[PDB]
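Accompanying notes for the structure given below.
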Amino acid sequence: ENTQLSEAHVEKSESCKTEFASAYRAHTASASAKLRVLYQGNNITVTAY
Amino acid sequence: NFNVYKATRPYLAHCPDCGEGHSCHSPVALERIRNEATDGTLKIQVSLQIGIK
Amino acid sequence: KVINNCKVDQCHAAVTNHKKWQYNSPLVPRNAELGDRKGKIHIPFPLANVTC
Amino acid sequence: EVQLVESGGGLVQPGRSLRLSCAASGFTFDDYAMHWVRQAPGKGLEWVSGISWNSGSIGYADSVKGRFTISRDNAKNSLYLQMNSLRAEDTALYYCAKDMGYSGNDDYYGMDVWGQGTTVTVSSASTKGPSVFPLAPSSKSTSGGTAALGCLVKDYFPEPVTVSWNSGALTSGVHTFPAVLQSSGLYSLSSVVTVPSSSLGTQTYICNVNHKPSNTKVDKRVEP
Ligand SMILES: *[C@@H]1O[C@H](CO[C@@H]2O[C@@H](C)[C@@H](O)[C@@H](O)[C@@H]2O)[C@@H](O[C@H]2O[C@H](CO)[C@@H](O)[C@H](O)[C@H]2NC(C)=O)[C@H](O)[C@H]1NC(C)=O
């Protein structure tokens, strides 16, 4: 009449705060660009969407 | 610090290989090996208590 | 304590009075459905972000 | 924050049923087995009944085995005890207590949390109010031994009778006794105060008897 009770469970590791992979859903994208223009012979930087 | 170990003790546990190719109860039995780090560093948990008299 | 009647090969004995607690390792039997004299030890050496 | 709150109780006649219950708070109800324990006046603790987690096992004391039923409502975090065919022998304080596990088959545990027990009295009697009588000092023979004067409160049914002197003004040298149940089913208690014998003819002493259940207050003057 000698019996043993065994149990186990799974939980997220503490390291999951640093080492993990993220699963994302992508939808649409917004383009933007950095343009150089030689305006009046000068080099000017234009940044815009 | 080590104040948390004031009420604790060392313990014996079973070891599958005590170095002779045979199993026995041993003061140096391992509990777990952790390798979460990617730089190759290992973190080993043992029954021994180090730094405490 | 001398029993005075039985043989040493007939009887069992163990130490029951302990003052210090130990990690509840999977290789050590539980003495109750839920362990008693519960305490906590923090684990040193946390994981961190570094450059190799 | 962990506590058990008793509810129910009061005066019931013999042969009638009474329902008791307890509310659990500060802990998870579904993680522990629950027990009922009762204590009669002048007696130690007596175990009455107990219920295991998920009602896996039910136990009763032999004296109530065919009369008491135990149940629990996990959704409401509450414990219930149904007492049928109550007898005079069942008069006691009834406490709820929480176990240290889900099973009662573990002998390594005791009862760690206890509530505030309620009073259950089983008797075929009405809430009769007290009669009050003075107990005059024997000043003729005790004058050199310091004077003792008192009062007697007799023939009342309800337990909680409060007696004080001089409307609480007299607290020193005051001795009161626990009430004793009489064969009539009624209780009686005495109260005495010790004073200088020379003050008997100068100071009036009043025995103030307060009986809440009957909304009755009696002020009795005690003299030589
Ligand atoms: C206005 O722009 C001329 C082009 O600019 C070069 O390329 C850009 C993308 C940026 O990297 C900038 O830093 C570079 O200088 C530039 O004249 C230069 O052009 C050549 C390359 O075509 C460059 O190697 C050289 O250093 C320059 N030559 C010149 C001075 O004629 C300069 O910034 C400027 N020129 C004018 C019109 O002022």
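The way I read the labels, and the way they are meant: chains A, B, ... in the order of the structure tokens, residue 1 as the first residue of every chain, and ligand 1 as the first ligand shown, with later ones counted on from there.
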
Which residues are near ligand 1 in this structure, taking near to mean any atom at most 8 Å from a ligand atom and counting only C-alpha atoms and all ligand atoms? Format them as number ranges by chain. A: 36, 38, 41-43

Do a neighbour search on residue 46 in chain B at 7 Å with only C-alpha atoms, toss out local chain neighbours closer than 4 positions, and write the hits as a ChimeraX atom specification. /B:28-31

Chain A contacts on chain C, only C-alpha atoms, 9 Å, as a VMD selection string: chain C and resid 33 46 to 49

Residues of the last selection are to be written out with N, CA and C atoms, as a tab-separated table (two decimals), in the first residue's frame.
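Listed below is the output, part16.tsv:
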chain	number	residue	atom	x	y	z
C	33	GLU	N	1.40	16.64	1.73
C	33	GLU	CA	0.84	17.01	0.43
C	33	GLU	C	1.38	18.36	-0.01
C	46	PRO	N	21.30	36.92	-13.33
C	46	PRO	CA	20.26	37.16	-14.31
C	46	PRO	C	20.83	37.31	-15.72
C	47	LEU	N	19.98	37.10	-16.72
C	47	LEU	CA	20.36	37.25	-18.12
C	47	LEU	C	20.37	38.73	-18.53
C	48	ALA	N	21.30	39.11	-19.41
C	48	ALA	CA	21.42	40.51	-19.83
C	48	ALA	C	21.86	40.64	-21.29
C	49	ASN	N	21.57	41.81	-21.87
C	49	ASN	CA	21.93	42.12	-23.25
C	49	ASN	C	23.32	42.74	-23.36

Contacts between range 36-43 of chain C and chain B, please, where a residue of chain B counts if it comes within 12 Å (with only C-alpha atoms); show its shortest atom pair and distance in Å to one decimal, rows by chain and ascending number, as a Markdown table.
| residue | atom | partner | partner_atom | distance |
| --- | --- | --- | --- | --- |
| B:1 | CA | C:42 | CA | 10.0 |
| B:2 | CA | C:41 | CA | 9.6 |
| B:3 | CA | C:41 | CA | 9.8 |
| B:4 | CA | C:41 | CA | 6.3 |
| B:5 | CA | C:41 | CA | 7.4 |
| B:6 | CA | C:41 | CA | 10.6 |
| B:7 | CA | C:39 | CA | 8.9 |
| B:8 | CA | C:39 | CA | 9.1 |
| B:9 | CA | C:41 | CA | 11.9 |
| B:43 | CA | C:43 | CA | 10.9 |
| B:44 | CA | C:43 | CA | 11.4 |
| B:45 | CA | C:43 | CA | 9.8 |

Grab the residues selected above and save them as an mmCIF file, in the first residue's frame with N, CA, C and O atoms.
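Just written: again.cif:
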data_model
loop_
_atom_site.group_PDB
_atom_site.id
_atom_site.type_symbol
_atom_site.label_atom_id
_atom_site.label_comp_id
_atom_site.auth_asym_id
_atom_site.auth_seq_id
_atom_site.Cartn_x
_atom_site.Cartn_y
_atom_site.Cartn_z
ATOM 1 N N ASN B 1 22.987 39.509 -1.190
ATOM 2 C CA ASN B 1 23.888 38.983 -0.172
ATOM 3 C C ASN B 1 23.506 37.546 0.204
ATOM 4 O O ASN B 1 22.641 36.942 -0.434
ATOM 5 N N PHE B 2 24.182 36.994 1.218
ATOM 6 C CA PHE B 2 24.037 35.593 1.617
ATOM 7 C C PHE B 2 23.181 35.418 2.865
ATOM 8 O O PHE B 2 23.163 34.344 3.466
ATOM 9 N N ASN B 3 22.484 36.471 3.273
ATOM 10 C CA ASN B 3 21.702 36.414 4.503
ATOM 11 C C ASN B 3 20.533 35.453 4.364
ATOM 12 O O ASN B 3 20.028 34.917 5.351
ATOM 13 N N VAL B 4 20.109 35.230 3.130
ATOM 14 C CA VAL B 4 18.967 34.380 2.847
ATOM 15 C C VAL B 4 19.268 32.912 3.122
ATOM 16 O O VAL B 4 18.355 32.095 3.218
ATOM 17 N N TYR B 5 20.549 32.577 3.241
ATOM 18 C CA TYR B 5 20.952 31.189 3.421
ATOM 19 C C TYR B 5 21.188 30.826 4.882
ATOM 20 O O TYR B 5 21.611 29.711 5.185
ATOM 21 N N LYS B 6 20.924 31.756 5.792
ATOM 22 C CA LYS B 6 21.186 31.502 7.206
ATOM 23 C C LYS B 6 20.376 30.329 7.747
ATOM 24 O O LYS B 6 20.824 29.618 8.646
ATOM 25 N N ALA B 7 19.176 30.132 7.219
ATOM 26 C CA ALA B 7 18.305 29.071 7.710
ATOM 27 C C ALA B 7 18.291 27.862 6.778
ATOM 28 O O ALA B 7 17.439 26.983 6.916
ATOM 29 N N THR B 8 19.210 27.823 5.818
ATOM 30 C CA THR B 8 19.215 26.736 4.846
ATOM 31 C C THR B 8 20.289 25.704 5.139
ATOM 32 O O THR B 8 21.231 25.956 5.889
ATOM 33 N N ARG B 9 20.163 24.547 4.502
ATOM 34 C CA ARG B 9 21.158 23.491 4.621
ATOM 35 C C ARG B 9 21.488 22.872 3.261
ATOM 36 O O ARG B 9 20.677 22.934 2.338
ATOM 37 N N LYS B 43 25.098 28.013 -16.872
ATOM 38 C CA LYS B 43 24.690 28.249 -15.496
ATOM 39 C C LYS B 43 24.240 26.936 -14.863
ATOM 40 O O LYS B 43 23.251 26.336 -15.287
ATOM 41 N N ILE B 44 25.000 26.460 -13.883
ATOM 42 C CA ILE B 44 24.775 25.132 -13.324
ATOM 43 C C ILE B 44 24.253 25.188 -11.895
ATOM 44 O O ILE B 44 24.837 25.853 -11.039
ATOM 45 N N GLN B 45 23.157 24.479 -11.634
ATOM 46 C CA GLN B 45 22.588 24.418 -10.292
ATOM 47 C C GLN B 45 22.961 23.109 -9.602
ATOM 48 O O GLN B 45 22.693 22.025 -10.126
#

Please, which residues of range 1-43 of chain A, numbered as in this document, come out strand (DSSP E or B) from DSSP, as a list in words? residues 33, 34, 35, 36, 37, 38, 39, 42 and 43 of chain A

Proximal residues of chain C relative to chain B (only C-alpha atoms; 7 Å) as an MDAnalysis selection string: chainID C and resid 20:22 27:28 41 47

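The list of chain D residues within 12 Å of chain C is residues 31, 32, 99, 100, 101, 102, 103, 104, 105, 106, 107, 108, 109 and 110 of chain D; this uses only C-alpha atoms.
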
Selection above as a file: C-alpha atoms, as a PDB file, in the first residue's frame:
ATOM      1  CA  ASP D  31      -7.796  25.009  -2.342  1.00  0.00           C
ATOM      2  CA  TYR D  32      -8.749  23.784   1.124  1.00  0.00           C
ATOM      3  CA  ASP D  99      -7.565  22.980   6.854  1.00  0.00           C
ATOM      4  CA  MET D 100      -4.047  23.080   5.392  1.00  0.00           C
ATOM      5  CA  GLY D 101      -4.857  20.972   2.338  1.00  0.00           C
ATOM      6  CA  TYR D 102      -7.540  19.583   0.077  1.00  0.00           C
ATOM      7  CA  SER D 103      -7.712  16.207   1.660  1.00  0.00           C
ATOM      8  CA  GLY D 104      -8.415  15.155   5.232  1.00  0.00           C
ATOM      9  CA  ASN D 105      -6.226  12.079   4.858  1.00  0.00           C
ATOM     10  CA  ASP D 106      -3.034  14.027   5.548  1.00  0.00           C
ATOM     11  CA  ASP D 107      -2.073  13.682   9.212  1.00  0.00           C
ATOM     12  CA  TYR D 108       0.781  16.175   9.047  1.00  0.00           C
ATOM     13  CA  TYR D 109      -1.581  19.145   9.231  1.00  0.00           C
ATOM     14  CA  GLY D 110      -3.643  20.982  11.829  1.00  0.00           C
TER      15      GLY D 110
END
